[PDB]
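Participant: Pasting the sequence and an experimental structure:
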Amino acid sequence: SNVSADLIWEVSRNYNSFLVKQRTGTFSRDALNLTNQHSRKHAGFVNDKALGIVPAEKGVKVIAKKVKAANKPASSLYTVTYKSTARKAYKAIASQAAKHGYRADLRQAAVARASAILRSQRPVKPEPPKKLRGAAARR
Amino acid sequence: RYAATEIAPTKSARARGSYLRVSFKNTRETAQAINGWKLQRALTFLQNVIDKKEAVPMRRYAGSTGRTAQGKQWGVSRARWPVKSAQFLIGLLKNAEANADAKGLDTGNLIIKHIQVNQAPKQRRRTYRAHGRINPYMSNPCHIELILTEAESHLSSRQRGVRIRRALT
Amino acid sequence: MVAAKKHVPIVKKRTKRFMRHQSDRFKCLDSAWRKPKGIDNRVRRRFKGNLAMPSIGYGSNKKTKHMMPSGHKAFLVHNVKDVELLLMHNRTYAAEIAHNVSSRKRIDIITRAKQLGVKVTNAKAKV
Amino acid sequence: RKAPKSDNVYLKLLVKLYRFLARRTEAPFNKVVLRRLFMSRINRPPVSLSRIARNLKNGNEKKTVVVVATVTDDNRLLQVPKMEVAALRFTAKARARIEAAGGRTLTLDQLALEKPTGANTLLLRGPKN
Amino acid sequence: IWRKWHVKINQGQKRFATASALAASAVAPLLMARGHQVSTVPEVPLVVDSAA
Amino acid sequence: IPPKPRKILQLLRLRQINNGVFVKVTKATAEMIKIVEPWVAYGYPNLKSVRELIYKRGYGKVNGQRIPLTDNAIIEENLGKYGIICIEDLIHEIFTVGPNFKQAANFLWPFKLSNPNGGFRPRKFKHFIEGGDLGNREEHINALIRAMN
RNA sequence: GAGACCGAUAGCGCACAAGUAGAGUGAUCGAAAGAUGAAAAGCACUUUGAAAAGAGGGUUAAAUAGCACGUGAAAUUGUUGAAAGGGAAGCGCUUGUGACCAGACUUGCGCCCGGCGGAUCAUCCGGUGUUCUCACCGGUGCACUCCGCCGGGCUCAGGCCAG
RNA sequence: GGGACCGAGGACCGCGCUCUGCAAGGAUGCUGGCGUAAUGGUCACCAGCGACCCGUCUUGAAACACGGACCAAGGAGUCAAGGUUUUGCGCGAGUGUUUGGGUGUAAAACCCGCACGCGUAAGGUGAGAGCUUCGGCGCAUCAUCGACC
RNA sequence: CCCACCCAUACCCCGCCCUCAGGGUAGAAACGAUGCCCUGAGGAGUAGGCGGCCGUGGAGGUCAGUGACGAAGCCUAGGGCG
């Protein structure tokens, strides 16, 4: 055929609607992007097999592409919400990423993304009071 | 608006004049003479300048200016009698004194905390000169403002251990 | 978390700027660097005791480039959607809220960043 | 040259494929094909059906004809023999005339699948002058 | 005013570009990369019945 | 420098100052050095000079690159076809001038020596027999090599 | 009717009582010059001053917008604050003094006990989704299993300058 | 034996040796004070050493000469036609819709009937890239003998 | 004539920057491949040639971008990056 993941990367490497470019690096807003970095490894929309993790009310919501439904967006994402313990969520996500040959390279990235979301859902410690110094302290 | 914005207007009295048709250089020197003085002392001084009893020292704008014995009080030889500048300063000091009376302050204790002379937009007048040129006679007006106010440890362990021993003995 | 990734010590070969020649003398000449194109100017010929000329020799280490002293890389942020872009980069990147972000939007950004553990460079501006 | 001057995305894929082949094989065929993908169009003159027909006259039949160029048609040739031609591009008439004779037309990526080392291949170039 | 405001483009290249644009419109990833909210629609080459 | 001595120094691989090379004595090579006398100091090295030069400042020319001689595998891969398979074979080849001196010496990148510890002399640009440093010191080059090493 | 045009030193000389003011005997030559505020609500009244104005008081979201009126740079000037100055100043490298400051840190992780508060503990059964072997829901599993908190002990990693 | 400067890299792999290991492909271990302007940074000044005022023009070079009171804004290789070289793109013995005509959501976009512009209507030997069934086959191009008009 | 000593951007060792050159990198646990890793050498520069990058006015698409809870502009002996 004429369309492949290699072609979509070539078309969309230099510019995208998901691309964020600054002096210190290039980021991506793609929902199927585990590290939010612009690369062929992590460009979810480019790849036929890709993963993405988004927060839920409690837990994580993992979405994976269905290869046999690339032309049906409404039925192209396999969505699982994990609201059990953190370790059980990591087990399923890693098995989802490596036990069948569906992006085993993203196993470590996917588990880390789930960990960050679960950590971000934890209660927040109150910050210590600010301390003035020198001239500011004496006024 | 005024430049000395650190003075609360409730405890002070102020006066202002704009586009005053007097020499800026002469007015600047005589304002500097009465800076920081008492109101009554400045008024007596400014009157004496009109009658040529006291002289205003010329510090910055004194190029090719005569010498008098009345400047010996200030430590300079070049002193002058800016009569016109003194008259304008008298009016503003009297106005600020009147504003102090309305507020209820004590005129016998007021001092000139802040006095400033700035430059105004210049006026123009053309005079006739030979060799085909018309010479300008641009005037130099000034702005004047004045305000009257009432007259009135992280020591180390060795450092701490030394101090304890010295305090015991 | 607040702590950044372990990194090599940050060295700066030169700290002071590269002042333009004769910019100290003329108000029309800004201090921004300009390469002198004259043939006899002693700055271009590199005579001793004259202003230095910027060159690639002063280039900072690749492993420490664009890192603030804390060890993070600044990422300009405009809204809450921008700080969630930093979810994977607590230890490598810091958030810098833009100068035109309103006061109430700033509180939302700082609240989200604290949840994400992302450092904010200007978190106490309008407090 | 490291990057081709062309902006064609598919040409970049061909270069990437043959850069891998040239590095991982000892075939000088792959290095020639890779270096010809990099050069300019004036350096890649067209090869006509008449020229390829001449070059397989003697014993080079039942071989694969490979040109990194565009294959054109020639009206001077009345009969076109059956042949196996792989090229960057084919004209509408040259492709039809080759297929009418009974031959097959390939692209350079199909050539990599069929002949990863350039075995049993006839590599030609167009007239530079 | 004589500045060559208009550009002459081959009709062959014009039709080539339109064909490429139509083909890219059938590619679902390229639709998202261009900013289109294509997540609740099936069959990216969305064909609606002419009767409706 | 006149054009003739310039070419000789390029042919002797003496491109920078304090560069040292090993030359086998020969009427073809003896006359070359005699023309570059106002720029070179040369003599007859001993075993210690040869040993410490290769051990401390010995780098090989491997595929056009300057690779330090830190292992015997480096020497054998480049000079094993001539029978030199270790560091001591290389030293033996240079000291006792053998059939493969040209290959061993050219393999050795020209030695980059430091300035001598103790100085050259009050006037270093006279001939050695006039109290300078230029010319043939014969067996006195060893004392110079100690200082530059 | 329009513009991938210009935006008050631009665009027609003219965005304004512009072919005007003004110059030349005349033919002709020919400028400068826009912006308070949503609304004049354009400061009543009191007081000092001959007056111009000033100060209180007031309008207003704002007078840090008072018709010398949006915003208000630099050259140049005044006052205040700090400092330097035996026939130049200014510039480069390096300390020191004085003033003034951005960071960093505030603890996290993981084990062993104890008090808890709660059944998304393992297994099995049904349904569903998928990458066809992995998951999710519901039930069983009502407590040496699992999840969060609190009180102790310990390990490790944590900033700056040094021996 | 006594000093000085430095610690680049970051799971393992190698060469080795004096092998329960090691000084062998790059610093670890133990300890103290402090945890804040203390280190560090920016300014101004003093101090030691260093340091001609820019540009233009002429000349082998200097020197002379010219421009420079200060600031803000403006300020100078552009457009068109005709040739030409190189890169990218389309079609390719053809190529060029846009004088014009036909639709149009109307100066856009889409389509094209007839002319018209530019171009077009087969050998021997030696090398030689690349194939090889190891016998050989031989691109482009050059040299030579050709053949034809 | 002899001994020691002083220091140049010069010579030796190390760190960092850039450029050049030579190698590795897919039955992909796989990549701003315009990337990453390894090794070596080099660094003055007028006329001139080549490349990258910064900045200003306007246009298309895009960031469901910023903003009266304050855009733009201007001031700053306040900081960060190059």
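Facilitator: Thanks, I have the structure now. Residues are numbered from 1 along each chain as shown, chains lettered A, B, ... in the order given.
Participant: quick one: what helix or strand has residue F:50 in it?
Facilitator: Counting by DSSP states H and E, the element that carries residue F:50 is helix F:47-57.
Participant: and that helix, which residues are buried?
Facilitator: For helix F:47-57, the neighbour count (16 or more other Cβ atoms under 10 Å in any protein chain shown) marks F:49, F:50, F:51, F:53, F:54, F:57 as buried. In short, each C-beta sits where N, CA and C put it, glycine included.
Participant: Which residues are in contact with the last one?
Facilitator: Just to be clear, that refers to residue F:57. F:111, F:112, F:113, F:149 (Cβ atoms under 8 Å, 6 or more residues apart in numbering or on different chains).
Participant: And the furthest pair within these?
Facilitator: With distance counted by Cβ to Cβ, no two of those lie farther apart than F:112 and F:149, which are 10.9 Å apart.
Participant: Among these two, which residue is more densely surrounded?
Facilitator: Between residue F:112 and residue F:149, counted using other Cβ atoms under 10 Å in any protein chain shown, the more crowded position is residue F:149 (17 against 14).
Participant: if I look at that one, how far off is chain D?
Facilitator: Computed as Cβ to the nearest Cβ, to the nearest Å, the residue F:149 to chain D distance reads 44 Å.
Participant: Touching, that residue and residue F:114? I think so.
Facilitator: Yes - look at residue F:149 against residue F:114 with Cβ atoms under 8 Å: they come within range, at 7.4 Å.
Participant: Count the residues that sit near the residue in chain A that chain C sits nearest to.
Facilitator: Relative to chain C, the nearest point of chain A is residue A:24 (4.1 Å; Cβ to the nearest Cβ). By other Cβ under 10 Å, 17 other residues sit near residue A:24.
Participant: cool, and the one 10 residues further on?
Facilitator: Burial of residue A:34, expressed as a neighbour count using other Cβ under 10 Å, amounts to 24.
Participant: what's the answer for residue C:20, then?
Facilitator: When counting by other Cβ under 10 Å, one arrives at 18 neighbours for residue C:20.
Participant: Could you do the one 4 residues further on as well?
Facilitator: As a burial measure, the neighbour count of residue C:24 was computed by other Cβ under 10 Å and equals 10.
Participant: Also residue F:92?
Facilitator: For residue F:92, using other Cβ under 10 Å, the count is 15.
Participant: ditto for residue F:148
Facilitator: Neighbour count for residue F:148, taken as other Cβ under 10 Å: 16.
Participant: Pretty sure it sits against residue F:119.
Facilitator: No - Residue F:148 is beyond contact range of residue F:119, at 11.5 Å (criterion: Cβ under 8 Å).
Participant: Excluding covalently adjacent residues, which one is nearest to the residue of chain A closest to chain C?
Facilitator: Nearest residue to residue A:24 in three dimensions, chain neighbours excluded: residue C:73, at 4.1 Å (Cβ to Cβ, 6 or more residues apart in numbering or on different chains).
Participant: wait, isn't the one you found in contact with residue C:91?
Facilitator: No - taking contacts as Cβ under 8 Å, residue C:73 lies outside contact range of residue C:91: 10.5 Å.
Participant: Work out for me the element the residue positioned nearest the centre of chain A sits within.
Facilitator: Central residue of chain A (Cα atoms, centre = their mean): residue A:34, 2.5 Å from the mean position. Using DSSP H and E, residue A:34 falls within no helix or strand.
Participant: Now do it against RNA strand G, distance only.
Facilitator: 13 Å (Cβ to the nearest atom of the strand, to the nearest Å).
Participant: Mind telling me what element the residue nearest to that residue when sequence neighbours are not counted is part of?
Facilitator: Spatial nearest neighbour of residue A:34, excluding adjacent residues (Cβ to Cβ, 6+ apart): residue A:109 at 4.3 Å. According to DSSP H and E, residue A:109 maps onto helix A:107-120.
Participant: Residue A:107 is in contact with the residue nearest to the centre of chain A, correct?
Facilitator: No - using Cβ under 8 Å, residue A:34 is not in contact with residue A:107; the gap is 10.2 Å.
Participant: Surely residue F:117 is in a strand?
Facilitator: No - counting by DSSP: H, G, I helix; E, B strand; the rest coil, residue F:117 is not part of a strand but coil.
Participant: Show me the helices in chain B, by range?
Facilitator: Using DSSP state H, the helices of chain B run over residues B:24-33, B:39-50, B:83-103, B:157-168.
Participant: residue in chain F nearest to chain D?
Facilitator: Counting by Cβ to the nearest Cβ, chain F gets nearest chain D through residue F:63, at 18.3 Å.
Participant: so how far is RNA strand H from that residue?
Facilitator: As for residue F:63, its distance to RNA strand H is 19 Å (criterion: Cβ to the nearest atom of the strand).
Participant: Closest one of the buried residues of helix F:47-57 to chain E?
Facilitator: residue F:57 (59.0 Å).
Participant: still on that earlier bit, okay, the helix holding residue F:50 in PDB with CA atoms only?
Facilitator: Written as PDB, here are the backbone C-alpha positions of helix F:47-57 (Å, rounded to 0.1, in the frame of the first residue of the first chain):
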ATOM      1  CA  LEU F  47      68.200   0.700  25.200                       C
ATOM      2  CA  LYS F  48      66.700   2.800  28.100                       C
ATOM      3  CA  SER F  49      65.800   5.600  25.700                       C
ATOM      4  CA  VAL F  50      64.200   3.300  23.300                       C
ATOM      5  CA  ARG F  51      62.400   1.400  26.100                       C
ATOM      6  CA  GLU F  52      61.000   4.500  27.900                       C
ATOM      7  CA  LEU F  53      60.000   6.200  24.700                       C
ATOM      8  CA  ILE F  54      57.800   3.400  23.500                       C
ATOM      9  CA  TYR F  55      56.400   2.600  27.000                       C
ATOM     10  CA  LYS F  56      55.600   6.200  28.000                       C
ATOM     11  CA  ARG F  57      55.000   8.000  24.800                       C
END
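Participant: which stretches of chain A form helices?
Facilitator: So, for chain A - with DSSP H - the helices run A:5-12, A:86-98, A:107-120, A:134-137.
Participant: As TSV, those with mean neighbour count would be great.
Facilitator: Putting the helices of chain A into TSV (neighbours: other Cβ atoms under 10 Å in any protein chain shown) gives the following:
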stretch	mean neighbour count
helix A:5-12	19
helix A:86-98	17
helix A:107-120	19
helix A:134-137	8
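Participant: Tabulate the ones you listed in JSON lines, adding columns for distance to residue D:94.
Facilitator: JSON lines is the format used below for the helices of chain A (distance: least, Cβ to Cβ, whole Å):
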{"stretch": "helix A:5-12", "distance to residue D:94": "27"}
{"stretch": "helix A:86-98", "distance to residue D:94": "49"}
{"stretch": "helix A:107-120", "distance to residue D:94": "50"}
{"stretch": "helix A:134-137", "distance to residue D:94": "83"}
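Participant: Nearest to residue B:100, out of these?
Facilitator: Here helix A:134-137 is closest among the helices of chain A (Cβ to Cβ), at 36.8 Å.
Participant: And the closest one, how far out from the chain middle?
Facilitator: 44 Å (Cα atoms, centre = their mean, to the nearest Å).
Participant: With distance to residue B:149 added, can I get the buried residues of helix F:47-57 in a markdown table?
Facilitator: Shown next, in a markdown table, are the buried residues of helix F:47-57 (distance: Cβ to Cβ, whole Å):
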| residue | distance to residue B:149 |
| --- | --- |
| F:49 | 92 |
| F:50 | 94 |
| F:51 | 93 |
| F:53 | 88 |
| F:54 | 90 |
| F:57 | 83 |
